There are 2 protein chains.
Amino acid sequence: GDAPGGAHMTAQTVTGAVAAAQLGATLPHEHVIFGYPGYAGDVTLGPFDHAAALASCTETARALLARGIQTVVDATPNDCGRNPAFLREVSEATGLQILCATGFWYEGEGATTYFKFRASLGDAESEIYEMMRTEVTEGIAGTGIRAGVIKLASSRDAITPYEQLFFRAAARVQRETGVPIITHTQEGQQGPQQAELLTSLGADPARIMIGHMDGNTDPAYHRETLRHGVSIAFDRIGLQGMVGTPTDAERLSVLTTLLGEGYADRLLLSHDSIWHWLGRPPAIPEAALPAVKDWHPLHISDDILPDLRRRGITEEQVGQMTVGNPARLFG
Amino acid sequence: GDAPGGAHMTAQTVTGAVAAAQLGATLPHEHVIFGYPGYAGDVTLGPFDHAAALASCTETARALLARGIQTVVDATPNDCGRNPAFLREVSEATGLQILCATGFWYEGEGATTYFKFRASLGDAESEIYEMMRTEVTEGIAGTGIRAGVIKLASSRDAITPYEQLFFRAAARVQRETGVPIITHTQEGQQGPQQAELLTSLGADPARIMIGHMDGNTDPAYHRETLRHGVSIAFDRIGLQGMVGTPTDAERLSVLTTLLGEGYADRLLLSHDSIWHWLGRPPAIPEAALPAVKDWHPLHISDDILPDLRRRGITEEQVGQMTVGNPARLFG
Ligand SMILES: [Co+2]
Ligand SMILES: [Co+2]
Ligand SMILES: [Co+2]
Ligand SMILES: [Co+2]
């Protein structure tokens with residue numbers, strides 16, 4: 001139907017280029033490793049145990065491959081512990097394909113001081129544009145590993161001025177390279193605003209995925225976002241009751257409504273899971289356990305797809321969301 | 001007069017313990033390297049050139065030694081590019097003694113997400129206390145290099161709840177180890193509040209230095225802070241008109257007033273200079289040049305001490321501020 005249009009480069013994963021056809025079933029928004037900004041200051045008591053992280057992550061990678069998932073899109077922002085080299089180790093040890101991102105997190109929780117300062121002194125937009133373009137076309141930190149997607153993120157009440165610098169820089173790189181863009185929306189807001197802003201800057205709706213859209217349970221919100229021609233992702237499936245998130249039952253209710261309205265070609269599914277935390281491992285209070293019980297990457301494969309099928313969603317619809325959509329969006 | 005009282009360990013520099021007598025003239029608040037939170041996300045275009053940073057920093061270290069400065073207290077927070085190993089290279093290559101810090105920056109510009117999350121889930125104060133204590137008594141990041149001071153920092157309108165976690169943790173480590181505490185005050189505020197809070201938590205006023213006190217030009221503000229028995233530092237001398245800073249002429253006016261009022265034993269002098277920036281080097285707009293012209297570490301030695309002497313300050317007073325005070329506070 002609506003095919004990417006303009007410049008384009010084959011999907012770049014951490015181990016190199018992959019043809020769209022080789023992407024297979026894909027989880028479009030996950031984190032192999034992740035650290036909240038500040039975690040590096042807790043290095044003495046919260047060091048990265050490389051052997052342990054590698055063992056644990058390759059184990060999860062093998063479990064995903066067992067479910068037929070061939071690709072994961074790692075959406076970790078540059079300021080949240082992003083590590084392309086580690087991702088490459090995990091991919092070379094298991095065969096699982098992994099795309100990594102280029103971008104900064106939203107103003108509310110990102111490491112914003114640096115670029116705010118940069119912007120106080122000059123054209124921060126162009127500096128961000130140069131970073132993004134170099135990371136997508138040449139490589140990250142001199143490793144030769146390129147980013148396969150641009151990550152953008154906005155706050156709840158507005159796409160702030162700080163956030164807009166990244167959106168503008170991304171639109172420029174998108175027009176020039178065709179690279180896909182995936183986003184974070186905070187607490188179920190700004191989905192429509194992100195779609196309008198990006199398309200208004202000349203970014204291709206067929207290479208845009210508005211994320212955390214499962215954060216809103218009013219389908220009018222999703223239909224309005226979809227009116228822009230962009231794809232939307234219910235990418236925190238399994239995270240129930242944390243950071244304003246709804247329950248999976250509520251997500252599936254909205255999802256089946258949209259599927260029944262013919263939107264399968266614009267819907268994607270992920271967990272936004274963290275396979276290994278940076279800093280000191282999080283101690284989950286007893287009472288927060290059910291919120292995170294199904295928040296792991298085998299949840300959609302084992303619980304959601306079956307539940308969708310038993311509700312009347314077809315094998316074609318599941319294949320469209322999990323294989324066809326990723327192939328066109330990232331390939 | 002007022003001598004440290006309680007537990008105590010000899011001054012720990014990045015190359016080991018130094019006797020108070022060996023500290024000599026000291027700059028109590030500087031940064032060999034520094035990065036605003038987020039700089040690590042700009043690694044591709046703003047990588048750390050180790051050979052270049054080392055050459056430049058050793059050159060500055062040799063220039064300080066030429067002026068008779070034997071010690072520098074590096075106050076870089078854990079979340080602002082702190083690097084004890086690099087500091088050790090600089091100290092071993094030149095003989096300049098360098099103490100490093102343990103602590104996080106203030107809420108306004110620090111990398112606050114990590115510990116805010118940590119605190120949402122449990123006793124973040126005790127986790128911060130453990131980090132600080134380990135870094136002071138055992139070492140940082142498994143390097144064996146220990147911190148010789150605790151760095152605290154507060155916002156302009158209040159010592160926020162997030163900041164208070166660090167102040168409480170520091171007071172505990174201070175009572176247990178005797179380690180000195182140095183602080184950042186934002187825009188000339190909270191000096192008295194920091195002194196009251198720390199002493200009220202049982203921290204030793206003789207091991208406390210309230211920083212950026214040159215940020216306020218009303219001497220009543222300084223006298224009130226000093227009433228707590230703590231030392232205060234005019235530690236941004238040379239930075240004129242940036243981040244709310246006054247001119248050096250205004251600083252010297254307040255300083256000579258306090259010196260004439262007999263406060264020499266509680267006054268310290270530094271620049272808060274950055275010898276090498278992390279991330280992309282800052283492009284200083286033409287118009288901001290005079291604000292930073294004298295903001296380098298040879299400024300006090302070459303311009304300020306002579307200016308103090310020609311105004312009637314005695315060689316004894318200069319020696320008290322630059323040698324005697326550091327020796328008792330850090331030694
Ligand atoms: Co997100
Ligand atoms: Co995420
Ligand atoms: Co400061
Ligand atoms: Co400083």
# chains A, B, ... in the order shown; residues from 1 in each chain; ligands from 1

call {"tool": "residues_around", "arguments": {"residues": "residue 223 (chain A)", "least_positions_apart": "3", "cutoff": "12 Å", "atoms": "only C-alpha atoms", "output": "list in words"}}
result
residues 191, 192, 195, 213, 216, 217, 218, 219, 220, 226, 227, 228, 229, 230, 231, 232, 254, 255, 257, 258, 259, 261, 262, 263, 266 and 267 of chain A

call {"tool": "residues_near_ligand", "arguments": {"ligand": "ligand 3", "cutoff": "9 Å", "atoms": "only C-alpha atoms and all ligand atoms", "output": "VMD selection string"}}
result
chain B and resid 29 75 to 77 105 to 106 153 183 to 186 211 to 212 235 to 236 272

call {"tool": "atom_distance", "arguments": {"atom1": "CA of residue 99 (chain B)", "atom2": "CA of residue 324 (chain B)"}}
result
16.9 Å

call {"tool": "closest_atom_pairs", "arguments": {"of": "chain A", "to": "chain B", "cutoff": "9 Å", "atoms": "only C-alpha atoms", "output": "JSON lines"}}
result
{"residue": "A:35", "atom": "CA", "partner": "B:114", "partner_atom": "CA", "distance": 7.7}
{"residue": "A:36", "atom": "CA", "partner": "B:114", "partner_atom": "CA", "distance": 4.9}
{"residue": "A:37", "atom": "CA", "partner": "B:111", "partner_atom": "CA", "distance": 5.3}
{"residue": "A:38", "atom": "CA", "partner": "B:111", "partner_atom": "CA", "distance": 4.5}
{"residue": "A:39", "atom": "CA", "partner": "B:114", "partner_atom": "CA", "distance": 5.5}
{"residue": "A:40", "atom": "CA", "partner": "B:79", "partner_atom": "CA", "distance": 6.8}
{"residue": "A:41", "atom": "CA", "partner": "B:78", "partner_atom": "CA", "distance": 4.5}
{"residue": "A:42", "atom": "CA", "partner": "B:131", "partner_atom": "CA", "distance": 7.2}
{"residue": "A:43", "atom": "CA", "partner": "B:141", "partner_atom": "CA", "distance": 5.8}
{"residue": "A:44", "atom": "CA", "partner": "B:141", "partner_atom": "CA", "distance": 4.1}
{"residue": "A:45", "atom": "CA", "partner": "B:131", "partner_atom": "CA", "distance": 6.3}
{"residue": "A:46", "atom": "CA", "partner": "B:141", "partner_atom": "CA", "distance": 8.9}
{"residue": "A:47", "atom": "CA", "partner": "B:141", "partner_atom": "CA", "distance": 7.4}
{"residue": "A:77", "atom": "CA", "partner": "B:41", "partner_atom": "CA", "distance": 8.0}
{"residue": "A:78", "atom": "CA", "partner": "B:41", "partner_atom": "CA", "distance": 4.5}
{"residue": "A:79", "atom": "CA", "partner": "B:41", "partner_atom": "CA", "distance": 4.7}
{"residue": "A:80", "atom": "CA", "partner": "B:41", "partner_atom": "CA", "distance": 8.1}
{"residue": "A:81", "atom": "CA", "partner": "B:41", "partner_atom": "CA", "distance": 8.5}
{"residue": "A:82", "atom": "CA", "partner": "B:41", "partner_atom": "CA", "distance": 8.2}
{"residue": "A:103", "atom": "CA", "partner": "B:41", "partner_atom": "CA", "distance": 8.3}
{"residue": "A:104", "atom": "CA", "partner": "B:41", "partner_atom": "CA", "distance": 7.4}
{"residue": "A:108", "atom": "CA", "partner": "B:113", "partner_atom": "CA", "distance": 8.7}
{"residue": "A:109", "atom": "CA", "partner": "B:113", "partner_atom": "CA", "distance": 5.6}
{"residue": "A:110", "atom": "CA", "partner": "B:113", "partner_atom": "CA", "distance": 7.5}
{"residue": "A:111", "atom": "CA", "partner": "B:38", "partner_atom": "CA", "distance": 4.5}
{"residue": "A:112", "atom": "CA", "partner": "B:38", "partner_atom": "CA", "distance": 6.0}
{"residue": "A:113", "atom": "CA", "partner": "B:37", "partner_atom": "CA", "distance": 5.4}
{"residue": "A:114", "atom": "CA", "partner": "B:38", "partner_atom": "CA", "distance": 4.9}
{"residue": "A:115", "atom": "CA", "partner": "B:38", "partner_atom": "CA", "distance": 7.1}
{"residue": "A:117", "atom": "CA", "partner": "B:36", "partner_atom": "CA", "distance": 8.2}
{"residue": "A:118", "atom": "CA", "partner": "B:282", "partner_atom": "CA", "distance": 7.4}
{"residue": "A:121", "atom": "CA", "partner": "B:285", "partner_atom": "CA", "distance": 6.7}
{"residue": "A:122", "atom": "CA", "partner": "B:283", "partner_atom": "CA", "distance": 7.9}
{"residue": "A:127", "atom": "CA", "partner": "B:45", "partner_atom": "CA", "distance": 8.8}
{"residue": "A:128", "atom": "CA", "partner": "B:42", "partner_atom": "CA", "distance": 8.5}
{"residue": "A:130", "atom": "CA", "partner": "B:45", "partner_atom": "CA", "distance": 8.1}
{"residue": "A:131", "atom": "CA", "partner": "B:45", "partner_atom": "CA", "distance": 6.3}
{"residue": "A:134", "atom": "CA", "partner": "B:44", "partner_atom": "CA", "distance": 7.9}
{"residue": "A:135", "atom": "CA", "partner": "B:44", "partner_atom": "CA", "distance": 7.4}
{"residue": "A:139", "atom": "CA", "partner": "B:44", "partner_atom": "CA", "distance": 8.0}
{"residue": "A:140", "atom": "CA", "partner": "B:44", "partner_atom": "CA", "distance": 5.5}
{"residue": "A:141", "atom": "CA", "partner": "B:44", "partner_atom": "CA", "distance": 4.1}
{"residue": "A:142", "atom": "CA", "partner": "B:44", "partner_atom": "CA", "distance": 6.7}
{"residue": "A:279", "atom": "CA", "partner": "B:114", "partner_atom": "CA", "distance": 8.2}
{"residue": "A:280", "atom": "CA", "partner": "B:118", "partner_atom": "CA", "distance": 8.9}
{"residue": "A:282", "atom": "CA", "partner": "B:118", "partner_atom": "CA", "distance": 7.4}
{"residue": "A:283", "atom": "CA", "partner": "B:121", "partner_atom": "CA", "distance": 6.9}
{"residue": "A:284", "atom": "CA", "partner": "B:121", "partner_atom": "CA", "distance": 7.0}
{"residue": "A:285", "atom": "CA", "partner": "B:121", "partner_atom": "CA", "distance": 6.7}

call {"tool": "write_last_selection", "arguments": {"atoms": "N, CA and C atoms", "output": "CSV table (one decimal), in the first residue's frame"}}
result
chain,number,residue,atom,x,y,z
A,35,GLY,N,20.4,1.8,31.2
A,35,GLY,CA,20.8,2.4,32.4
A,35,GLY,C,20.1,3.8,32.5
A,36,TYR,N,19.5,4.1,33.6
A,36,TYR,CA,18.9,5.5,33.7
A,36,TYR,C,20.1,6.5,33.8
A,37,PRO,N,19.9,7.7,33.2
A,37,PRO,CA,21.0,8.6,33.4
A,37,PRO,C,21.5,8.8,34.8
A,38,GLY,N,22.8,8.6,35.1
A,38,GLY,CA,23.3,8.7,36.4
A,38,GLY,C,23.9,7.4,36.8
A,39,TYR,N,23.5,6.3,36.2
A,39,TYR,CA,24.0,5.0,36.6
A,39,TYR,C,25.5,4.9,36.5
A,40,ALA,N,26.1,5.7,35.6
A,40,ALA,CA,27.6,5.6,35.5
A,40,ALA,C,28.3,6.2,36.7
A,41,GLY,N,27.6,7.1,37.4
A,41,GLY,CA,28.2,7.7,38.6
A,41,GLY,C,28.2,6.6,39.8
A,42,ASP,N,27.4,5.5,39.6
A,42,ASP,CA,27.3,4.5,40.7
A,42,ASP,C,28.2,3.3,40.2
A,43,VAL,N,29.3,3.6,39.5
A,43,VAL,CA,30.1,2.5,39.0
A,43,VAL,C,30.8,1.6,40.1
A,44,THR,N,31.2,2.2,41.2
A,44,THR,CA,31.9,1.5,42.2
A,44,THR,C,31.1,0.3,42.8
A,45,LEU,N,29.8,0.6,43.1
A,45,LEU,CA,29.0,-0.5,43.7
A,45,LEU,C,28.0,-1.1,42.6
A,46,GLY,N,28.0,-0.5,41.4
A,46,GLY,CA,27.1,-1.0,40.4
A,46,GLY,C,27.9,-1.2,39.1
A,47,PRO,N,29.0,-1.9,39.1
A,47,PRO,CA,29.8,-2.1,37.9
A,47,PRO,C,29.1,-3.1,36.9
A,77,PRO,N,18.5,4.9,24.0
A,77,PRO,CA,19.1,6.2,23.6
A,77,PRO,C,20.6,6.3,24.0
A,78,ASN,N,21.3,7.2,23.3
A,78,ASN,CA,22.7,7.4,23.5
A,78,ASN,C,23.0,7.7,25.0
A,79,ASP,N,22.1,8.4,25.7
A,79,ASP,CA,22.3,8.8,27.1
A,79,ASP,C,21.8,7.8,28.1
A,80,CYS,N,21.4,6.6,27.7
A,80,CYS,CA,20.9,5.6,28.6
A,80,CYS,C,21.6,4.2,28.5
A,81,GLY,N,22.9,4.3,28.4
A,81,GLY,CA,23.8,3.2,28.4
A,81,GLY,C,23.9,2.4,27.1
A,82,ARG,N,23.6,3.1,26.0
A,82,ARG,CA,23.7,2.4,24.7
A,82,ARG,C,25.1,1.8,24.5
A,103,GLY,N,20.1,8.7,19.1
A,103,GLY,CA,19.2,9.7,19.6
A,103,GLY,C,19.4,9.8,21.1
A,104,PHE,N,18.7,10.8,21.6
A,104,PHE,CA,18.7,11.1,23.1
A,104,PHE,C,17.3,10.9,23.6
A,108,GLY,N,12.3,15.0,30.4
A,108,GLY,CA,12.0,14.6,31.7
A,108,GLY,C,13.0,13.7,32.4
A,109,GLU,N,13.6,12.8,31.7
A,109,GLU,CA,14.5,11.8,32.4
A,109,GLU,C,15.8,11.6,31.7
A,110,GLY,N,16.0,12.3,30.5
A,110,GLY,CA,17.3,12.1,29.8
A,110,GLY,C,18.5,12.9,30.5
A,111,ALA,N,19.7,12.8,29.9
A,111,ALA,CA,20.8,13.5,30.4
A,111,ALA,C,20.8,14.7,29.4
A,112,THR,N,20.1,15.8,29.8
A,112,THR,CA,19.8,16.9,29.0
A,112,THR,C,20.8,18.1,29.1
A,113,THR,N,21.6,18.2,30.2
A,113,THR,CA,22.5,19.3,30.4
A,113,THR,C,23.4,19.6,29.3
A,114,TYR,N,24.0,18.5,28.7
A,114,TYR,CA,25.0,18.7,27.7
A,114,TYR,C,24.5,19.4,26.4
A,115,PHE,N,23.4,18.9,25.8
A,115,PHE,CA,22.9,19.5,24.7
A,115,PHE,C,22.2,20.8,24.9
A,117,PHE,N,23.3,23.0,27.0
A,117,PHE,CA,24.5,23.9,27.0
A,117,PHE,C,24.9,24.2,25.6
A,118,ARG,N,25.0,23.1,24.8
A,118,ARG,CA,25.4,23.2,23.4
A,118,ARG,C,24.5,24.1,22.7
A,121,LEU,N,24.9,27.9,23.3
A,121,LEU,CA,26.1,28.5,22.6
A,121,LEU,C,26.1,28.5,21.1
A,122,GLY,N,25.1,27.8,20.5
A,122,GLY,CA,25.1,27.7,19.0
A,122,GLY,C,24.0,26.9,18.5
A,127,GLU,N,24.4,20.1,15.2
A,127,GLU,CA,25.3,19.2,15.9
A,127,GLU,C,24.7,17.8,16.1
A,128,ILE,N,23.4,17.8,16.4
A,128,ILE,CA,22.7,16.6,16.7
A,128,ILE,C,22.5,15.9,15.3
A,130,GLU,N,24.4,16.1,12.7
A,130,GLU,CA,25.7,15.5,12.3
A,130,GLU,C,26.0,14.2,13.1
A,131,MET,N,25.7,14.1,14.3
A,131,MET,CA,25.9,12.9,15.2
A,131,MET,C,25.0,11.8,14.6
A,134,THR,N,26.1,10.7,11.1
A,134,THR,CA,27.4,10.0,11.1
A,134,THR,C,27.1,8.6,11.7
A,135,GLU,N,26.3,8.5,12.7
A,135,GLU,CA,26.0,7.2,13.3
A,135,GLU,C,25.2,6.2,12.4
A,139,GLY,N,29.2,5.1,11.4
A,139,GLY,CA,29.4,4.2,12.5
A,139,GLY,C,29.3,5.0,13.8
A,140,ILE,N,29.2,4.2,14.9
A,140,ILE,CA,29.2,4.8,16.3
A,140,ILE,C,30.5,4.6,17.0
A,141,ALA,N,30.9,5.7,17.6
A,141,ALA,CA,32.2,5.7,18.4
A,141,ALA,C,33.4,5.0,17.7
A,142,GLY,N,33.5,5.2,16.4
A,142,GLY,CA,34.6,4.6,15.7
A,142,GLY,C,34.6,3.1,15.6
A,279,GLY,N,24.1,-0.2,36.4
A,279,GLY,CA,23.9,0.3,37.7
A,279,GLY,C,23.6,-0.8,38.6
A,280,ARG,N,23.1,-0.6,39.8
A,280,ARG,CA,22.8,-1.7,40.7
A,280,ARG,C,21.5,-2.3,40.3
A,282,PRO,N,17.9,-3.3,40.1
A,282,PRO,CA,16.7,-2.8,40.8
A,282,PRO,C,16.1,-3.8,41.7
A,283,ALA,N,15.7,-3.4,42.9
A,283,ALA,CA,15.0,-4.3,43.9
A,283,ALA,C,13.6,-4.0,43.7
A,284,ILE,N,12.8,-5.0,43.2
A,284,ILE,CA,11.4,-4.8,43.0
A,284,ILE,C,10.6,-5.0,44.3
A,285,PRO,N,9.9,-3.9,44.8
A,285,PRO,CA,9.1,-4.1,46.0
A,285,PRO,C,8.0,-5.1,45.7

call {"tool": "select_by_dssp", "arguments": {"residues": "region 88-306 of chain B", "states": "alpha helix (DSSP H)", "output": "NGL selection string"}}
result
:B and (88-94 or 113-121 or 124-137 or 161-177 or 191-200 or 219-226 or 248-260 or 289-293 or 299 or 305-306)

call {"tool": "residues_around", "arguments": {"residues": "residue 73 (chain A)", "least_positions_apart": "3", "cutoff": "9 Å", "atoms": "only C-alpha atoms", "output": "JSON, numbers by chain"}}
result
{"A": [13, 26, 27, 28, 29, 30, 31, 97, 98, 99, 100, 101, 148, 149]}

call {"tool": "closest_atom_pairs", "arguments": {"of": "region 136-171 of chain A", "to": "region 203-208 of chain A", "cutoff": "10 Å", "atoms": "only C-alpha atoms", "output": "tab-separated table"}}
result
residue	atom	partner	partner_atom	distance
A:149	CA	A:207	CA	9.5
A:150	CA	A:208	CA	9.6
A:167	CA	A:203	CA	9.8
A:168	CA	A:203	CA	9.5
A:170	CA	A:203	CA	8.3
A:171	CA	A:203	CA	5.1

call {"tool": "write_last_selection", "arguments": {"atoms": "N, CA and C atoms", "output": "CSV table (one decimal), in the first residue's frame"}}
result
chain,number,residue,atom,x,y,z
A,149,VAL,N,18.2,2.7,13.2
A,149,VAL,CA,17.0,3.5,13.4
A,149,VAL,C,17.4,4.8,14.2
A,150,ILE,N,16.6,5.8,14.1
A,150,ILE,CA,16.8,7.0,14.9
A,150,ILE,C,15.7,6.9,16.0
A,167,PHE,N,14.0,16.2,17.0
A,167,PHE,CA,13.0,15.9,16.0
A,167,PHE,C,13.4,16.6,14.7
A,168,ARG,N,13.8,17.9,14.7
A,168,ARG,CA,14.2,18.6,13.5
A,168,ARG,C,15.5,17.9,12.9
A,170,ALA,N,16.5,14.8,13.2
A,170,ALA,CA,16.1,13.5,12.7
A,170,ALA,C,15.4,13.6,11.4
A,171,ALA,N,14.4,14.6,11.3
A,171,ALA,CA,13.7,14.8,10.0
A,171,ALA,C,14.7,15.0,8.9

call {"tool": "closest_residue", "arguments": {"among": "A:32, A:91, A:327, A:144", "to": "ligand 2", "atoms": "only C-alpha atoms and all ligand atoms"}}
result
A:32

call {"tool": "atom_distance", "arguments": {"atom1": "CA of residue 196 (chain B)", "atom2": "CA of residue 224 (chain B)"}}
result
10.2 Å

call {"tool": "decode", "arguments": {"residues": "region 104-120 of chain A", "atoms": "N, CA and C atoms", "output": "tab-separated table (two decimals), in the first residue's frame"}}
result
chain	number	residue	atom	x	y	z
A	104	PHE	N	18.68	10.80	21.64
A	104	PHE	CA	18.71	11.08	23.08
A	104	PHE	C	17.32	10.89	23.65
A	105	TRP	N	17.22	10.62	24.95
A	105	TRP	CA	15.91	10.42	25.55
A	105	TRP	C	15.17	11.75	25.76
A	106	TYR	N	13.94	11.70	26.28
A	106	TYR	CA	13.16	12.91	26.49
A	106	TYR	C	13.67	13.76	27.64
A	107	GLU	N	13.25	15.02	27.66
A	107	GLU	CA	13.73	15.98	28.66
A	107	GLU	C	13.48	15.62	30.10
A	108	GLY	N	12.35	14.98	30.36
A	108	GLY	CA	11.99	14.61	31.72
A	108	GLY	C	12.99	13.72	32.45
A	109	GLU	N	13.59	12.77	31.75
A	109	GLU	CA	14.52	11.84	32.38
A	109	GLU	C	15.84	11.65	31.67
A	110	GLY	N	16.04	12.29	30.51
A	110	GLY	CA	17.31	12.13	29.81
A	110	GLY	C	18.47	12.90	30.46
A	111	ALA	N	19.66	12.76	29.90
A	111	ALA	CA	20.84	13.48	30.37
A	111	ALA	C	20.83	14.74	29.44
A	112	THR	N	20.05	15.75	29.84
A	112	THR	CA	19.83	16.94	29.01
A	112	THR	C	20.77	18.13	29.12
A	113	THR	N	21.58	18.15	30.17
A	113	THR	CA	22.48	19.26	30.42
A	113	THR	C	23.43	19.56	29.28
A	114	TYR	N	24.03	18.51	28.72
A	114	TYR	CA	25.00	18.67	27.66
A	114	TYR	C	24.46	19.39	26.45
A	115	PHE	N	23.40	18.88	25.84
A	115	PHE	CA	22.89	19.55	24.65
A	115	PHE	C	22.16	20.85	24.92
A	116	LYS	N	21.66	21.03	26.14
A	116	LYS	CA	21.04	22.32	26.49
A	116	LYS	C	22.15	23.39	26.49
A	117	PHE	N	23.33	23.01	26.97
A	117	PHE	CA	24.47	23.91	27.01
A	117	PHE	C	24.95	24.21	25.58
A	118	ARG	N	25.03	23.14	24.81
A	118	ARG	CA	25.44	23.17	23.43
A	118	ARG	C	24.53	24.15	22.69
A	119	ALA	N	23.24	24.05	22.97
A	119	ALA	CA	22.25	24.91	22.33
A	119	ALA	C	22.30	26.36	22.81
A	120	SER	N	22.75	26.57	24.04
A	120	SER	CA	22.83	27.94	24.55
A	120	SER	C	23.94	28.69	23.79
